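Report on one structure; see the data block that follows.
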Amino acid sequence: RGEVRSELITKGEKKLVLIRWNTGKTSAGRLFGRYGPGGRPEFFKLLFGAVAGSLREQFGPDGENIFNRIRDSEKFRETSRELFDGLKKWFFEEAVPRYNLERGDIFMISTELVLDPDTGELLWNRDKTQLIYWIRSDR
């Protein structure tokens, strides 16, 4: 898969972006490790496309200006790292033992984020995080 959906929400005069993000069918090495494009976690590339795409959806072409501003701000970079660490921790420390996942297993994660386009602050709606995973036929 690899699906992104968004909508605006209003808080006083501020508009925020609710983003529903599915990573697509992937593996731990590809998503969180060095087997993704380059020798890099694909996570960041996926996340960044999800944000830029949602900004364009909700605010039109000036969405790209918003993105270009926040993209290299301390707040966006830091909170994107906090998302990466929090999701990775959730996957290895909760999902893996919960579902008896093994090395090389395939899965997709769907989660929800709220982006403050003013500050570049990215909030993880952890309560909505879900895993779909692939199980060996004999089970």
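A short reminder: the numbers here are calculations on the coordinates, not readings from a lab. Neighbour counts run over all protein chains shown; Cβ positions are idealised from the backbone, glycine included.
Worth a mention:
- Distances between placed amide hydrogens fall under 5 Å for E121 paired with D116, all partners being 5 or more residues away or on another chain.
- Degrees between helix 74-90 axis and first principal axis of the chain (Cα, 0 to 90, nearest 10): 20
- With respect to the chain, whose longest principal axis is taken over its alpha-carbon atoms, helix 43-59 is tilted by about 40°.
- Using only side-chain charges placed at the Cβ, +1 for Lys and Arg and -1 for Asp and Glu, the dipole size of the chain relative to its Cα centre rounds to 440 debye.
- Stokes-Einstein D (µm²/s) once Rh is taken as the Kirkwood radius of the chain over alpha-carbon pairs, at 10 °C in 1.306 mPa s: 101
- Annotation for the range 1-96: GluC sites (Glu not before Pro) lying in DSSP loop with at most 15 further Cβ atoms inside 10 Å of their Cβ are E3, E13.
- Distances between placed amide hydrogens fall under 5 Å for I106 paired with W134, all partners being 5 or more residues away or on another chain.
- Rounded to the nearest whole Hz, the Karplus-based 3J(HN,Hα) values (6.51 cos²θ - 1.76 cosθ + 1.60, θ = phi - 60°) of the range 92-104 follow the sequence 7, 9, 10, 4, 3, x, 4, 10, 6, 6, 10, 3, x, with x at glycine and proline.
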